[PDB]
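Novice: Below: one structure in structure tokens.
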Amino acid sequence: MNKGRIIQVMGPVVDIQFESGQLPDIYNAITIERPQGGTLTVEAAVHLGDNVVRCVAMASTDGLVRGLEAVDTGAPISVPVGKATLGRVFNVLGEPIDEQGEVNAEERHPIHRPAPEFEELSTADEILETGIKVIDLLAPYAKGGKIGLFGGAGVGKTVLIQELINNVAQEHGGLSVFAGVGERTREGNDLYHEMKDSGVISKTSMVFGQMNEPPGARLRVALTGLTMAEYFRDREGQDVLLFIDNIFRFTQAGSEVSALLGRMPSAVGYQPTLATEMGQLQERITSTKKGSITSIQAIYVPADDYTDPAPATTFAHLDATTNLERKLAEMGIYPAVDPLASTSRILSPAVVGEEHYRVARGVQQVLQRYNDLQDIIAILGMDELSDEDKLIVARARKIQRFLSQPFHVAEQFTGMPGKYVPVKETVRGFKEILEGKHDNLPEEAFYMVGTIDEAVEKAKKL
Amino acid sequence: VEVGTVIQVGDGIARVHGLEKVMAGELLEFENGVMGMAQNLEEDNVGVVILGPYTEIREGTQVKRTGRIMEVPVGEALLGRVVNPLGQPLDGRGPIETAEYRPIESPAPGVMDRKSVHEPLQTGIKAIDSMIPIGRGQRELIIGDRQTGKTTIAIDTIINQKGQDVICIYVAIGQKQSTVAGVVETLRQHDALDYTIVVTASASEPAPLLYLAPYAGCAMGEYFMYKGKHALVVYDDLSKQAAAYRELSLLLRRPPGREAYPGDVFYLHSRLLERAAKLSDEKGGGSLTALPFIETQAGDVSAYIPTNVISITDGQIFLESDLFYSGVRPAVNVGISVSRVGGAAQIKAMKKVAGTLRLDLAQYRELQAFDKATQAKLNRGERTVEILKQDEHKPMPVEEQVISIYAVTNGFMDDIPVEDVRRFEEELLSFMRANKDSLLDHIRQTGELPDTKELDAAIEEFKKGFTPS
Amino acid sequence: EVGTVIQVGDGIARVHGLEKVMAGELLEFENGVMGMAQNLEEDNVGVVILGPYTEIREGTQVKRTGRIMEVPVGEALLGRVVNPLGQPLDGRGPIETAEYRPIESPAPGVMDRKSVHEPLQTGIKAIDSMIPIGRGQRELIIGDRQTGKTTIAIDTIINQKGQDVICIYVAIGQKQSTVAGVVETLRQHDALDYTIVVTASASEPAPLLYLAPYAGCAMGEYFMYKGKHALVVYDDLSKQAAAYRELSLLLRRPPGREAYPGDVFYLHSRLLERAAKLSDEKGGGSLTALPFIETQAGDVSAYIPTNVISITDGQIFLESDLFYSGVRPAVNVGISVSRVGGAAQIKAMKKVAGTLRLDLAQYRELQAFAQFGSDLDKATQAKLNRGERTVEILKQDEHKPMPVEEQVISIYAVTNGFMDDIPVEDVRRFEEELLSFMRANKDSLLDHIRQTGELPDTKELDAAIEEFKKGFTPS
Ligand SMILES: Nc1ncnc2c1ncn2[C@@H]1O[C@H](COP(=O)(O)OP(=O)(O)O)[C@@H](O)[C@H]1O
Ligand SMILES: Nc1ncnc2c1ncn2[C@@H]1O[C@H](COP(=O)(O)OP(=O)(O)O)[C@@H](O)[C@H]1O
Ligand SMILES: Nc1ncnc2c1ncn2[C@@H]1O[C@H](COP(=O)(O)OP(=O)(O)O)[C@@H](O)[C@H]1O
Ligand SMILES: [Mg+2]
Ligand SMILES: [Mg+2]
């Protein structure tokens, strides 16, 4: 295998000269022993000529000296996969950062690879039943799909993530992966302990590409988490979850690497490889014949501009959006999913049934009408409304409470035990409310329950 | 064999020493089977763009001449097959056995080589066929925001060519491979695959393959055009191709301009769509119809790349976002959508029935955002809107379209409620197909409308049996 | 060991030789001026000069030290004014210390930390109530010039008097007479004797502006790793960023957005992550960071602001419109965030602040109806009367930080409706006299909040406020 010498060190870029006819491939990991203990890993980027290879550093370049030995590993950054990764916290290189002993995996897979071949892919959309009423009805997740997660601070983003891990593991037997792209170290520590307390730690492998690491580390960390998610799809046939927070910081890292390499910038200062880099990440997240990887992705929107190249390129791959609203969290409506703003590509008579679509649209039309009358009700009063609207307002308030749900992860907060509600029960429950079967029941009965039978069961106790 | 050696390489762009006798734009093959394109012939070296994965190519890697100008396989061997821009099969159904080849870069038909477009290409979609009719050899831009129904128009158009002897080419550029796999499965279920070629360069594929994808699909369509047959090419989409070509140009350090695109970005699309044409009787009378896609951002038709393709094509079909997400599908914007060919691309019956239909609906939508005379036009407008609504993957024969549009425009649905118009249409055509088949068959054979008095009686005969809500 | 200079210009020297030099190593020129090796290239070493360069020429010799840049740390720096190299600028003799720390130092890992649970009281009612800062947190103070950014940091430092918290004010790119004015303000309020002042003024070389926050961070880390608590202020990182840009562009590293290099985000993230709250196993000490950003015409989506906003745990956005109106401090509560939130507050403040953020949100939302006086229904009438009174409580004078026990009673009084009877113009005078009354007579209610960290008996507190309210004379 190939051995070289450091000729230049310029910030997080390292030029390494190798011998003739024995150079590292592009995206190969190259290890460099530090003079003061430890090992720096760098990634091969450009072949400049004269057997010199420009490399992007995955850690600090301080302390490096010109002339030090650099060893070509012979492959990309290879990371552990399988059940040894579960309940563990990793870095970009697949090394444990939790101080919890050895990671005894059987195989290590490279983080750089092509997307699945055309023949392997699934040929039709299938719903991924989360068990959460609001999501499954109004903005359902697709197997192999990508979901944009929007919401402010303290609205139930981390609790929703933990519940999706729990529900898919409990009912579908699908494990999860969390990729912290530009993770704040304080929040990574909190998330680790929060997932320990809820118990979903055992179903998830965590990978952090922390804020204080170089641009190369934060660029490739999503690929490390992705590779762990791919094992469970390809080998064990699972419908896997892959959380990426934040997907903008993946794009941001690419732009930073592109600037370090000296490429000409594209529109709005982004890297010219904007679509290519996003596509090569996103296309690997898909539904194959054996299994799938469904990805929930937190997305920052620069200057609140959705036409900006970063979100615009990201939205090209999205199949749905889960939009968390603070006003619903203030009312006590958890999960605080906005039932009008959240959308899904697979909400149609083709994918879900004709009944599902009819009921979902009916719920939307009732909730939209109630939302329009808020200004009229507040000033003029209920007597201003017609007999048709009074009934719509009554059903909308029942519907809004039946969209809430007690979570297995949020037993500490709510007090009650958690509920998994199937799609058929969710469709039936909201159908019966729209038809007017439960008009005479009180509004508190619909709040914080699973099925429609539990709402009727709650009514006698009130 | 004549050999060369790579001396520099980065981002899929290589500089090669040797290859002394190599042509400009020649196909090349590296050690590991990956293909390349000799772009620039320099004094001592050759500039090579890699047309595939470049993670096994490096300094010292060897590359050889093929002796062939950049080309793809063509002919009937590609029918029902899924390929990449080089013509390599992705479906896993064995190799493309063919002797016929055509070049990626190829000159468009001259001034005397063409004839005016006069033959219908029926999409099977009422809104398009009536108001923005496409002809054989026309170039019609399909433009609109993300998730406004662009691909569905193309697939339903392709499905509608079953039994019409028209070869179809669906070029997927920068799309998710999930959707291309879904498309080919949809064509299999509707028996549209066996006359369709699928060229795909997905979002994970490197930028030069996205760049080449439309020209490969164009070449495949051109084969049938110049042999006297008719073909349809779909570029889904040219915004991904333009962005892919911008990457290549910025990696080559070529001077960027508006929205960072290179100066030949208009020429990228203009030479592509010029090759789509209607040939003369001397040249065999064949044609290639083009449906290029452009994906706008927030409905901005005045942006650089959208205005480039509007400036090339023979009119456009704009898909409105507000209409699309409020029940109106397909969401055709009647105000700014247009077909340059127009009446020449329609049969006589469709031309006469839907002659002023676009401007009538354009007036209706203006009056909607605002009396007894204008009240009648609003009531007529709502009912005509319900007729032009249509389910996906359900093409309508032209004889059935003209009957449906004839009924609503002459006022046979005014007494019927607005919510019952979609059911009124469906049941009226069942009555017309089963009983009054001679009226429909007259339109099929001649192309002209039937007797006015006889058709009016047939509609009024059905209305007695119909029951409203 | 030894190398000779090839070219010199603009605080940068390129040096032949120095074959075994480390990246970031300290170098010594023959005249005694120091340098730092930033670029290691194939045929030369790009060195940034930490001093004057008029005596550095071609043929000038440079020596290896074999060491990274260190700074003096400990109790000796308290009350002193220093440069980023730790050299005294106040003219009050040397800094006697055995303790030293490196300028570049790794931040605590994921397992070395404990959740931020301890208040760091700024003494500012608007910040402490609705945008609370905890010990170990990184809270950005951001806004245009003359919005009150520096004042907030100085008032925070003054409020640490007698709280056993070592403060560190890092000045980057400022006028030196303005820094002299700041230390005099700290001296007059008895704040200087627990404060370290690091200053790299505008006339200093660019590397000292670049290194100033890291030097101040190292001085704060000494107390953090020893089990004590510390506060660091970077005023400001905009001028630090521009100084690092200068050096990168002079070393010909490729430019990007606003001509900054690809590692300018990495620069600030590496700085700010070193501020933390350590675990019980690691001693339980902390370093709280208050980085500054000077925006231009309110452009929070500019590159350097965008970087530091995303890195930090929250933002205190200041605005000119509020400042000119008389809302001082000029804190925009709607867009300002603290992701730590309630965890950084005592139980008393957490309970009263829930109604305060609710009332203030509804006031500025329904401010369109304000001009339409007495046409409104009584629901929106009382909320406007309540809202404008809470704004007057959130106003606060310069250099007058309030103890947390006095804040909670003032917030408790206004939110429960004990100032609805009193006019709008008399609310600030009503506050000052109420707390004077509470300090003198009803100290047992105050002392309960000091000791327990909770509210006293509410009906007893209601009785205490009502006795004062009768003695008060409106106007
Ligand atoms: N499903 C839920 N049921 C009840 N309370 C919830 C739920 N989700 C969130 N909360 C409340 O909101 C708080 C913040 O949740 P978290 O997921 O940490 O938000 P974020 O991640 O957006 O900061 C929790 O401490 C809890 O009190
Ligand atoms: N006429 C129609 N009726 C019902 N659904 C439609 C119709 N046209 C398109 N759709 C659906 O709307 C979505 C968007 O259509 P698509 O062609 O994918 O738009 P684009 O290609 O512009 O993203 C798809 O899920 C498709 O199934
Ligand atoms: N709460 C306040 N009340 C009255 N004056 C203030 C207050 N806060 C700041 N000021 C004054 O307003 C000016 C604001 O400038 P400064 O505090 O330096 O903010 P910046 O650092 O953003 O310029 C100072 O001259 C200061 O004296
Ligand atoms: Mg499409
Ligand atoms: Mg200031």
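Numbering starts fresh at 1 for the residues of each chain in the structure tokens, the chains themselves are lettered A, B, ... in the order given, and ligands are numbered from 1 as they appear.
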Tell me, counting only C-alpha atoms and all ligand atoms, for each residue of chain B within 8 Å of ligand 2, which pair of atoms is nearest and how far apart they are in Å to one decimal, in rows ordered by chain and increasing number, as a tab-separated table.
Specialist:
residue	atom	partner	partner_atom_place_in_ligand_line	distance
B:144	CA	ligand 2	22 (O)	6.7
B:145	CA	ligand 2	22 (O)	6.3
B:146	CA	ligand 2	23 (O)	4.7
B:147	CA	ligand 2	23 (O)	3.2
B:148	CA	ligand 2	22 (O)	4.3
B:149	CA	ligand 2	19 (O)	3.4
B:150	CA	ligand 2	22 (O)	3.9
B:151	CA	ligand 2	17 (O)	3.8
B:152	CA	ligand 2	17 (O)	3.9
B:153	CA	ligand 2	17 (O)	6.7
B:295	CA	ligand 2	22 (O)	7.3
B:328	CA	ligand 2	1 (N)	8.0
B:329	CA	ligand 2	1 (N)	4.3
B:330	CA	ligand 2	1 (N)	4.7
B:389	CA	ligand 2	1 (N)	7.0
B:390	CA	ligand 2	1 (N)	5.2
B:391	CA	ligand 2	3 (N)	4.3
B:392	CA	ligand 2	2 (C)	4.3
B:393	CA	ligand 2	1 (N)	7.9
Novice: At a cut-off of 6 Å, which residues of chain B touch chain A? Count only C-alpha atoms and give the answer as a ChimeraX atom specification.
Specialist: /B:7-10,55-56,60,90-91,181-182,203-204,247,250,259-260,297
Novice: Would you kindly report the residues of chain C within 9 Å of chain A, using only C-alpha atoms, as a VMD selection string?
Specialist: chain C and resid 19 to 25 38 to 43 68 107 to 116 137 253 to 257 261 to 274 276 to 277 300 to 301 306 311 to 313 337 to 339 341 377
Novice: So which residues are near ligand 1, meaning at most 10 Å away with only C-alpha atoms and all ligand atoms counted, given back as a ChimeraX atom specification?
Specialist: /A:150-163,187,190-191,194,324,326,329-330,332-336,404-416,418,448 /C:339-341
Novice: Could you write out that same residue set with C-alpha atoms as a PDB file, in the first residue's frame?
Specialist:
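As a result, selection.pdb now contains:
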ATOM      1  CA  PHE A 150     -39.890  22.551  10.567  1.00  0.00           C
ATOM      2  CA  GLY A 151     -40.450  24.086  14.021  1.00  0.00           C
ATOM      3  CA  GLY A 152     -39.144  26.572  16.591  1.00  0.00           C
ATOM      4  CA  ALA A 153     -37.317  25.961  19.871  1.00  0.00           C
ATOM      5  CA  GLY A 154     -39.281  24.073  22.554  1.00  0.00           C
ATOM      6  CA  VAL A 155     -42.237  22.844  20.433  1.00  0.00           C
ATOM      7  CA  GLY A 156     -41.706  19.023  20.567  1.00  0.00           C
ATOM      8  CA  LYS A 157     -39.104  18.383  17.850  1.00  0.00           C
ATOM      9  CA  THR A 158     -36.898  16.048  19.944  1.00  0.00           C
ATOM     10  CA  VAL A 159     -39.956  14.311  21.501  1.00  0.00           C
ATOM     11  CA  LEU A 160     -41.439  13.647  18.020  1.00  0.00           C
ATOM     12  CA  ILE A 161     -38.094  12.231  16.801  1.00  0.00           C
ATOM     13  CA  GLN A 162     -37.948   9.868  19.810  1.00  0.00           C
ATOM     14  CA  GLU A 163     -41.577   8.738  19.279  1.00  0.00           C
ATOM     15  CA  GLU A 187     -27.230  19.615  22.740  1.00  0.00           C
ATOM     16  CA  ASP A 190     -28.629  16.424  26.195  1.00  0.00           C
ATOM     17  CA  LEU A 191     -29.979  14.323  23.287  1.00  0.00           C
ATOM     18  CA  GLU A 194     -32.859  12.241  26.725  1.00  0.00           C
ATOM     19  CA  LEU A 324     -44.600  22.093  14.135  1.00  0.00           C
ATOM     20  CA  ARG A 326     -45.864  26.910  18.732  1.00  0.00           C
ATOM     21  CA  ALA A 329     -48.040  23.562  21.922  1.00  0.00           C
ATOM     22  CA  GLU A 330     -49.304  26.520  24.012  1.00  0.00           C
ATOM     23  CA  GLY A 332     -51.705  21.718  24.993  1.00  0.00           C
ATOM     24  CA  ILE A 333     -52.195  20.088  21.564  1.00  0.00           C
ATOM     25  CA  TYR A 334     -49.319  17.575  21.382  1.00  0.00           C
ATOM     26  CA  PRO A 335     -47.900  16.554  19.018  1.00  0.00           C
ATOM     27  CA  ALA A 336     -48.010  20.194  17.871  1.00  0.00           C
ATOM     28  CA  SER A 404     -53.644  15.302  19.715  1.00  0.00           C
ATOM     29  CA  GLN A 405     -52.170  12.072  21.110  1.00  0.00           C
ATOM     30  CA  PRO A 406     -50.385  10.730  24.223  1.00  0.00           C
ATOM     31  CA  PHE A 407     -46.822   9.586  23.400  1.00  0.00           C
ATOM     32  CA  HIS A 408     -44.864   6.618  24.838  1.00  0.00           C
ATOM     33  CA  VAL A 409     -41.834   8.936  25.164  1.00  0.00           C
ATOM     34  CA  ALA A 410     -43.899  11.748  26.777  1.00  0.00           C
ATOM     35  CA  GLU A 411     -45.392   9.742  29.699  1.00  0.00           C
ATOM     36  CA  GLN A 412     -43.406  11.949  32.125  1.00  0.00           C
ATOM     37  CA  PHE A 413     -45.007  15.128  30.680  1.00  0.00           C
ATOM     38  CA  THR A 414     -48.632  14.062  30.060  1.00  0.00           C
ATOM     39  CA  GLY A 415     -48.944  11.411  32.819  1.00  0.00           C
ATOM     40  CA  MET A 416     -51.023   8.938  30.774  1.00  0.00           C
ATOM     41  CA  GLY A 418     -48.660   6.199  25.278  1.00  0.00           C
ATOM     42  CA  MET A 448     -55.409  13.091  24.558  1.00  0.00           C
TER      43      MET A 448
ATOM     44  CA  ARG C 339     -32.684  27.428  23.926  1.00  0.00           C
ATOM     45  CA  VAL C 340     -31.649  26.661  27.547  1.00  0.00           C
ATOM     46  CA  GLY C 341     -34.748  28.546  28.761  1.00  0.00           C
TER      47      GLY C 341
END
Novice: Quick one: residues within 6 Å of ligand 3, with only C-alpha atoms and all ligand atoms, as a ChimeraX atom specification?
Specialist: /C:145-151,328-329,396-398
Novice: Keeping only N, CA, C and O atoms, write the selected residues to a file as an mmCIF file, in the first residue's frame.
Specialist:
data_model
loop_
_atom_site.group_PDB
_atom_site.id
_atom_site.type_symbol
_atom_site.label_atom_id
_atom_site.label_comp_id
_atom_site.auth_asym_id
_atom_site.auth_seq_id
_atom_site.Cartn_x
_atom_site.Cartn_y
_atom_site.Cartn_z
ATOM 1 N N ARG C 145 -24.876 49.306 15.472
ATOM 2 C CA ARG C 145 -24.129 50.195 16.360
ATOM 3 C C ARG C 145 -25.085 51.124 17.117
ATOM 4 O O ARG C 145 -26.143 51.487 16.598
ATOM 5 N N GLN C 146 -24.699 51.486 18.342
ATOM 6 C CA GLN C 146 -25.489 52.353 19.237
ATOM 7 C C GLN C 146 -26.879 51.797 19.591
ATOM 8 O O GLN C 146 -27.850 52.554 19.700
ATOM 9 N N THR C 147 -26.956 50.478 19.777
ATOM 10 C CA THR C 147 -28.180 49.804 20.233
ATOM 11 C C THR C 147 -28.120 49.354 21.703
ATOM 12 O O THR C 147 -29.133 48.907 22.244
ATOM 13 N N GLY C 148 -26.950 49.474 22.338
ATOM 14 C CA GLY C 148 -26.766 49.127 23.753
ATOM 15 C C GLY C 148 -26.144 47.766 24.033
ATOM 16 O O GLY C 148 -26.390 47.188 25.092
ATOM 17 N N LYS C 149 -25.336 47.257 23.099
ATOM 18 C CA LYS C 149 -24.700 45.939 23.240
ATOM 19 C C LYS C 149 -23.647 45.915 24.346
ATOM 20 O O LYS C 149 -23.699 45.061 25.234
ATOM 21 N N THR C 150 -22.695 46.846 24.276
ATOM 22 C CA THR C 150 -21.594 46.917 25.247
ATOM 23 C C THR C 150 -22.118 47.159 26.667
ATOM 24 O O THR C 150 -21.653 46.517 27.609
ATOM 25 N N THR C 151 -23.091 48.064 26.803
ATOM 26 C CA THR C 151 -23.731 48.363 28.095
ATOM 27 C C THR C 151 -24.286 47.111 28.785
ATOM 28 O O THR C 151 -24.101 46.942 29.992
ATOM 29 N N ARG C 328 -35.373 50.920 26.490
ATOM 30 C CA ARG C 328 -33.955 50.681 26.775
ATOM 31 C C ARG C 328 -33.826 49.826 28.045
ATOM 32 O O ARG C 328 -34.298 50.253 29.099
ATOM 33 N N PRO C 329 -33.200 48.644 27.983
ATOM 34 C CA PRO C 329 -32.497 48.109 26.811
ATOM 35 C C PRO C 329 -33.417 47.753 25.637
ATOM 36 O O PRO C 329 -34.556 47.326 25.843
ATOM 37 N N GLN C 396 -35.133 50.044 31.799
ATOM 38 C CA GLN C 396 -34.144 50.021 32.879
ATOM 39 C C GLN C 396 -32.983 50.968 32.575
ATOM 40 O O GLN C 396 -32.503 51.020 31.441
ATOM 41 N N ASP C 397 -32.539 51.706 33.592
ATOM 42 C CA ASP C 397 -31.468 52.696 33.434
ATOM 43 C C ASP C 397 -30.101 52.045 33.243
ATOM 44 O O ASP C 397 -29.911 50.855 33.510
ATOM 45 N N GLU C 398 -29.156 52.861 32.786
ATOM 46 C CA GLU C 398 -27.790 52.430 32.507
ATOM 47 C C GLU C 398 -27.031 52.158 33.811
ATOM 48 O O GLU C 398 -27.132 52.937 34.760
#
Novice: If we count only C-alpha atoms and set the cut-off at 10 Å, which residues sit around region 404-408 of chain C, ignoring sequence neighbours fewer than 3 positions away in its own chain? Please answer as a PyMOL selection string.
Specialist: chain C and resi 119+121-126+128-129+345-346+348-353+393-394+401+411-413+431+434-436+438-439+445-451+453-455
Novice: DSSP on the backbone: which residues in region 54-180 of chain C end up as alpha helix (DSSP H)? Give the answer as a list in words.
Specialist: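 Answer for region 54-180 of chain C restricted to alpha helix (DSSP H) is residues 125, 126, 127, 128, 129, 130, 149, 150, 151, 152, 153, 154, 155, 156, 157, 158, 159, 176, 177, 178, 179 and 180 of chain C.
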Novice: Output C-alpha atoms for every residue in that selection, as a compact mmCIF listing (two decimals), in the first residue's frame.
Specialist:
# COMPACT_ATOMS: atom_id res chain seq x y z
CA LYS C 125 -35.10 42.45 33.81
CA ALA C 126 -35.80 41.85 30.09
CA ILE C 127 -32.93 39.34 29.70
CA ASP C 128 -33.25 37.48 33.04
CA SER C 129 -37.05 37.02 32.72
CA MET C 130 -37.63 36.10 29.05
CA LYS C 149 -24.70 45.94 23.24
CA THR C 150 -21.59 46.92 25.25
CA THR C 151 -23.73 48.36 28.10
CA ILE C 152 -25.50 44.99 28.54
CA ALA C 153 -22.12 43.22 28.91
CA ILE C 154 -20.76 45.85 31.35
CA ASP C 155 -23.96 45.76 33.46
CA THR C 156 -23.74 41.94 33.50
CA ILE C 157 -20.10 42.18 34.72
CA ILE C 158 -21.05 44.76 37.41
CA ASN C 159 -23.89 42.47 38.60
CA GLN C 176 -8.09 52.30 22.78
CA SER C 177 -9.47 55.41 24.55
CA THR C 178 -12.92 53.74 24.39
CA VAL C 179 -11.39 50.68 26.12
CA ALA C 180 -9.85 53.07 28.69
Novice: What is the CA of residue 360 (chain B)-CA of residue 381 (chain B) distance in Å, reported with one decimal?
Specialist: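 About the pair CA of residue 360 (chain B) and CA of residue 381 (chain B): they are 8.1 Å apart.
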Novice: Hey, what's within 12 Å of residue 221 (chain B) if we count only C-alpha atoms and toss same-chain stuff fewer than 5 positions away? As an NGL selection string, please?
Specialist: :B and (72-76 or 78-79 or 101-104 or 137 or 166-171 or 195-199 or 214-216 or 226-235 or 272-273 or 275-277 or 286-290)
Novice: Return as an NGL selection string the full set of residues in region 79-255 of chain A whose backbone-based DSSP assignment is strand (DSSP E or B).
Specialist: :A and (79-80 or 89-90 or 96 or 108-110 or 121 or 127-128 or 141-142 or 146-150 or 176-183 or 204-210 or 239-245)
Novice: Output C-alpha atoms for every residue in that selection, as a short mmCIF file (atom, residue, chain, number, x, y, z; two decimals), in the first residue's frame.
Specialist:
data_model
loop_
_atom_site.label_atom_id
_atom_site.label_comp_id
_atom_site.auth_asym_id
_atom_site.auth_seq_id
_atom_site.Cartn_x
_atom_site.Cartn_y
_atom_site.Cartn_z
CA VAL A 79 -17.21 2.75 9.57
CA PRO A 80 -18.73 -0.05 11.69
CA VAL A 89 -22.42 7.64 19.80
CA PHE A 90 -19.96 7.99 16.88
CA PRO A 96 -16.96 5.83 19.50
CA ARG A 108 -16.88 -2.01 8.27
CA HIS A 109 -18.43 -0.34 5.18
CA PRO A 110 -17.13 2.67 3.17
CA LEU A 121 -35.57 0.03 -6.65
CA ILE A 127 -47.16 4.46 3.38
CA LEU A 128 -44.95 4.12 6.47
CA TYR A 141 -44.69 9.43 5.43
CA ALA A 142 -43.65 7.28 2.45
CA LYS A 146 -37.79 12.33 2.72
CA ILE A 147 -39.63 14.60 5.19
CA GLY A 148 -38.85 18.26 5.96
CA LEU A 149 -39.09 18.90 9.72
CA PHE A 150 -39.89 22.55 10.57
CA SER A 176 -33.02 4.12 13.49
CA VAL A 177 -29.98 6.35 12.94
CA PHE A 178 -29.46 9.96 14.09
CA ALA A 179 -26.96 12.10 12.14
CA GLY A 180 -26.09 15.38 13.89
CA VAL A 181 -24.72 17.52 11.04
CA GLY A 182 -23.19 20.50 12.86
CA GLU A 183 -24.24 19.26 16.30
CA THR A 204 -30.72 4.04 17.54
CA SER A 205 -27.11 4.58 16.49
CA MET A 206 -25.97 8.21 16.91
CA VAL A 207 -23.37 10.02 14.78
CA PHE A 208 -22.28 13.61 15.56
CA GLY A 209 -20.37 15.93 13.22
CA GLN A 210 -19.94 18.63 15.81
CA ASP A 239 -37.73 -0.13 6.99
CA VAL A 240 -35.08 2.09 8.62
CA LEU A 241 -35.33 5.70 9.89
CA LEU A 242 -32.52 8.22 9.25
CA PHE A 243 -32.67 11.55 11.10
CA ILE A 244 -30.52 14.39 9.68
CA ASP A 245 -30.29 17.61 11.74
#
